[PDB]
Structures are given as C-alpha cells and as structure tokens.
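Below: one structure, written as structure tokens.
Per chain, numbering begins at 1; letters A, B, ... match sequence-line order. When reading the values below, keep in mind they use all heavy atoms of this one structure, side chains included, and skip hydrogens, waters and symmetry mates.
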Amino acid sequence: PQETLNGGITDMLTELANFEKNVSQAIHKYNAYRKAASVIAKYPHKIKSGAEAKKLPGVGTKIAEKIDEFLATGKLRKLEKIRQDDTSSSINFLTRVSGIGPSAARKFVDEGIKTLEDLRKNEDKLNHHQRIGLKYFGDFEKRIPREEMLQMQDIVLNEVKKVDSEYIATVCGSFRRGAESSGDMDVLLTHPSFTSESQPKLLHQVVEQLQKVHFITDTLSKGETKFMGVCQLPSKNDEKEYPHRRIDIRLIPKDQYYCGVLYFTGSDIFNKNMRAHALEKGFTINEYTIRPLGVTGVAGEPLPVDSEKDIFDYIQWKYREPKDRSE
DNA sequence: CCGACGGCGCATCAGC
DNA sequence: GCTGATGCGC
DNA sequence: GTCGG
Ligand code: NA
Ligand code: NA
Ligand code: NA
Ligand code: NA
C-alpha cells in the first residue's frame, strides 16, 4: 500500500515509538507503536478514523484517539511538543549512534553533550564501540544494495574456504530471502569439528583471515562464538570508496546450524508462524533446536537436524524457499 | 485487573 | 582480583 | 500501549 495512504499516520506512530524507547525507556510501548505502525503500513485503505484503525490488531483506544487528532488537525500536540524539546530530541538523536543506548544518551545530554559535534570533542567519554559508531555514523545508516552484498558474500565465502575448506558459511537475513538491499551482513558459520557436546579458535581464524585481506576493518566485539564488526569492499583504485558496513559472524555447533540458519533467515513473521504450526504439531522450535512435546507438555531431547528441510519434514510442512518466507 | 511483551553474547560496570 | 548485574545490540 | 487469561 502506497506510503501516501497512511504514511502520515505511520510516520507519527514511528516517531512516538522512538521517543518511548530512547527517552522514556519503555521498550514495550516502543514495540506497541511499531506493531501499530506495521499493521497500518499494510492496510490497503486510506484510514478515515481512529475507529476504523482500531479494528486492526495492535491498534487500541489510545492510538485510535491519536489518529483522530492527526486526521482532523494534521498533527499531534504531544509529538509537536516533544519534537521541539531540546533535551528529549537530543537524547532520541544520540541513540542513532551504534553503542549509545537510552542510558548513555541520557547521561551525555545530562552533561551538555547533545550533538555529534559534541561527541567528537569528547572522545575519552566514549567506549570503543561508541567511538566506532561515531566514526561511521553516516555509513551505518546507509542501506546495502544487493549487488554489493553479493560482492561481500564472494569475499566472505572465499576467505572462509581458504582458512579451512570444511567450514560451512551462510549469509542469512533478508539477503538470503532475496531482498534488493540489506541493512547489514549476518554470517552463520560452523565446522564439523564443533558440535554441542564437543576449538576456541574456529571463529578467530576466520575473523583473522578477513582482517588480513583487509575486508574487516574494525571490531565492535569478539568472543569464541560471536563477532560483531565493520567491513568494506575494496575501492576500484580510482572510484569513490564504498561506505563501511556492519557485519556479524556467529559460530554455531554443527548439530544446531540449520535451526540457526532457519531462524536468522526469517522473516520474523514467518518464524512466528512456523513455530506456531510446529506447536500444533507437537514440536517446539527455537533458534537452536526442534524438540518433541509429550502429551503433558514436557519437551523431549532435541531431534537430529542436518538441513533446513529436515525441520520442515518434522512438522509436516513442504519446504519453502527463503524467497517465499516473507511470512 | 494486571502480567507479558525475546533471550542471550560480549563489553563494561557495580559490588565485594 | 572474582562474580553478578547492566547496557547494548541483534 | 495493547492484548488477553
Ligand atoms: Na485494535
Ligand atoms: Na544506538
Ligand atoms: Na539506535
Ligand atoms: Na581442506
């Protein structure tokens, strides 16, 4: 549905969502507004009243009232007021820096640090992640065109295989579902030598090779199972350099790898449905495994999984290509 | 009425 | 110094 | 803020 249908309403709900999360620190209200904005973003009719909208799941009395105010006046008094509040607008804004959440943003504003310029002047008050988020503030907010994701995947798959041809790596996320653009790169990695009941260097080896070839440029965090950093495609030698991108790499036990690939491929709506279906079939599916449920609710030991298809077979469901997992 | 609304790895803090 | 909580991101 | 047991 064209963003012109109810774009005004969804923009308003999204803006409210952010202030709830970043300023009032009410994550649940944040999610409530986002859910309301989503259900509304998919409604194929230009809303004529709050009552019409209220019929939609996720939209209640309060948002119904706000929609009536918006339609009649073209704005929301509360939103207008908070938008112009120097302290709140600054807190909300500062959370756009990766690493700065509601707490840090609040602390910074409390002491006069309100703009990116102010952060740049106060380096010693920023932890490592935050300095990285600041350095690439602009790049991190840019999307990644699928053509660049493919080039990124090329490098990742090649280097991983170069380290050990036995590794198995899968780039997931919307990219795996075929999206024309992505917000980042999520890589799932595994190695036959690593199972649930079985080296603290499998991930390190891969991250190191990616750094040696200068693909990975910075590290936000890195442990034995999860790496979060920054990467960048090589510049054409004479063409404007590519922007830096966010990349995560997760090492998962082989016996849990496919449940993981299934999960991190989504979409979110699809996973919810699949887990719902699985339940009504006597199975419980989380990001790690799929286990049988006894007649009394007691979950049994995890079932053998050797491919995404195995998961679908257990719950009597035809395998659905990532492309068809929009929901 | 009133609790659920995602759970967990990693960096860093808070307390001992 | 060790251990648990907290902030943050996903 | 919305849902629902
Ligand atoms: Na509703
Ligand atoms: Na942030
Ligand atoms: Na943010
Ligand atoms: Na080999």
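B/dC16 has a negative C1'-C2'-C3'-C4' torsion, placing its sugar in the south range. North is the pucker class for the sugar of C/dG1, given a positive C1'-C2'-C3'-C4' value.
Taking atom CZ of A/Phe140 as the reference point, atom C1' of C/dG9 lies 12 Å away to the nearest angstrom. For the pair A/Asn22 CG and C/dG7 P, the interatomic distance rounds to 15 Å; values are reported in whole Å. Taking atom CD1 on A/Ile27 and atom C1' on B/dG3, their separation rounds to 17 Å, with Å as the unit. Put simply, CG on A/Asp248 is 12 Å from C1' on B/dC10, counting in whole angstrom units. Atom-to-atom, CZ of A/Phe227 to P of B/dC8 comes out at 23 Å; the value is rounded to the nearest Å. Atom pair A/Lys107:NZ and C/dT6:P shows a separation of 15 Å (rounding to whole Å applied). Atom CG of A/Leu220 is separated from atom P of B/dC10 by 13 Å (rounded to the nearest Å). At whole-Å resolution of the value, CD in A/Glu224 and P in B/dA11 are 11 Å apart.
Comparing atom distances between the A/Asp184 side chain and each of C/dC10, D/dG1, B/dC8 picks out C/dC10 as nearest. Distance from the side chain of A/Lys62 is smallest for D/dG1 among the nucleotides C/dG9, D/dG1, D/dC3. Out of B/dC8, D/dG1, B/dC10, the shortest distance to the side chain of A/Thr225 is found at B/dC10. Nearest nucleotide to the A/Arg246 side chain, out of C/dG9, D/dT2, B/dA11: C/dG9. Across C/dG7, C/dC10, B/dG9, the shortest atom-to-atom separation from the side chain of A/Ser103 is found for C/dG7.
Contact annotation: A/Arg250 does not reach the phosphate of C/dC10 (side-chain N/O to OP1 or OP2, under 4.0 Å). The phosphate of C/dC8 has neither OP1 nor OP2 within less than 4.0 Å of any side-chain N or O from A/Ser98. Put simply, A/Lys226 has no side-chain N or O that comes within less than 4.0 Å of OP1 or OP2 on B/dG9.
Using a 4.0 Å heavy-atom distance criterion, A/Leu56 is classed as a sugar-phosphate-only contact. Heavy atoms of A/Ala26 sit nowhere under 4.0 angstrom from any nucleic acid atom. Residue A/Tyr30 is out of contact with every strand shown, counting any heavy-atom pair closer than 4.0 Å. The residue A/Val39 sits apart from the nucleic acid: no heavy atom pair falls under 4.0 Å.
The side-chain tip of A/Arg96 does not point at the ring of A/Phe137 from less than 6.0 angstrom away and within 45° of straight on.
The gap from the P atom of D/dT2 to that of B/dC8 amounts to 29 Å, rounded to the nearest Å. Spacing between C/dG9 and B/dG6 at atom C1', rounded to whole Å, works out to 13 Å.
Contact annotation: side chain of A/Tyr263 to base of B/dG7, donor-acceptor pair absent below 3.5 Å.
Where A/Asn31 and A/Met228 each meet DNA chain B at their nearest nucleotide, the meeting point lying more 5' is that of A/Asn31. Residue-to-nucleotide proximity on DNA chain B shows that, of A/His28 and A/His129, the 5′-proximal contact is made by A/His28.
Aromatic ring orientation, A/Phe283 versus A/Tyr314: tilted (interplanar angle from 30° to 60°).
Between A/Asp186 and A/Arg250 there is a salt bridge, since at least one side-chain N of the basic residue sits less than 4.0 Å from a carboxylate O of the acidic one.
Looking at A/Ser182, its side chain never comes within 3.5 Å of a backbone N or O of A/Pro145 through a donor-acceptor pair. For A/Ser88 (side chain) and A/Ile82 (main-chain N/O), no donor-acceptor pair under 3.5 Å exists by modelled atom type.
For A/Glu301, the CD atom is loosely surrounded, since the number of other residues' heavy atoms within 6.0 Å does not exceed 12.
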